[PDB]
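One chain follows as C-alpha cells, the form deposited in one PDB entry.
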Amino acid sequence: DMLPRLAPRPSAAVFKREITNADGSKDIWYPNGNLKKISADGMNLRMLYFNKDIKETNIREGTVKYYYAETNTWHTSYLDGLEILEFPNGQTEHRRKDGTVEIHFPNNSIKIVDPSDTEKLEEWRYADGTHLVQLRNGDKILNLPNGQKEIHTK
C-alpha cells in the first residue's frame, strides 16, 4: 500500500495532513504526494498517487478499481475473485479464482484457457460464431456456425 502497482502488459495476439470536512468526508495528504479521499460513511475510498494513478475502493459494491495512468489501463477486482483488465484498444482480460483466463480481443474474438483438465489446450469463439477447440495431443475440433463439425487428427 501507499506505493503504486506495476503496470500490466496485454496478452499476445497469438507532514501527514488529515483534513476532515464539514459533512464528515476526509482528505489525507501524504508526504510522497499521495491524496487519500474517504467518503463521510467510510465506504468509498480513492487514493490519488503521485504518478497520476488512481485506486478506488467501493466497500458497498465490493470492488477495487485501479487506473494505470501511464498506460491508460483499468483493473477491477471483485469480491468473488474475478479480476478484469481493460486496455485502451478495447482488449479485456478476465481472470477467476479457479485459474480460468478469458481474453476479449478488439476484433470480437474470445480466447478461453484453463490449466485444469488440459484435455483441451485453448478454446476460441469468433465474431461470426465459429468455435475452435485446440487439444493437448495436437488435435482440433472446429464447430462452424452453419452446423459443420471439423475433427482434425494427427
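Residue numbers run from 1 along the displayed sequence.
Unmodelled deposited residues between residue 22 and residue 23: none, 1 to 3, 4 to 9, or 10 or more? The entry has no gap there; residue 22 and residue 23 are joined directly.
Per the PDB record, is the mean Cα temperature factor higher over 31-39 or over 109-117? Looking at the recorded C-alpha B-factors, 109-117 comes out higher on average.
Between 120-128 and 83-91, name whichever shows the higher mean Cα B factor according to the PDB entry. The deposited B-factors put 120-128 ahead on the C-alpha mean.
B-factor third for the C-alpha atom of residue 147 within its chain: Within its chain, residue 147 is a highest-third residue by C-alpha B-factor, going by the deposited values.
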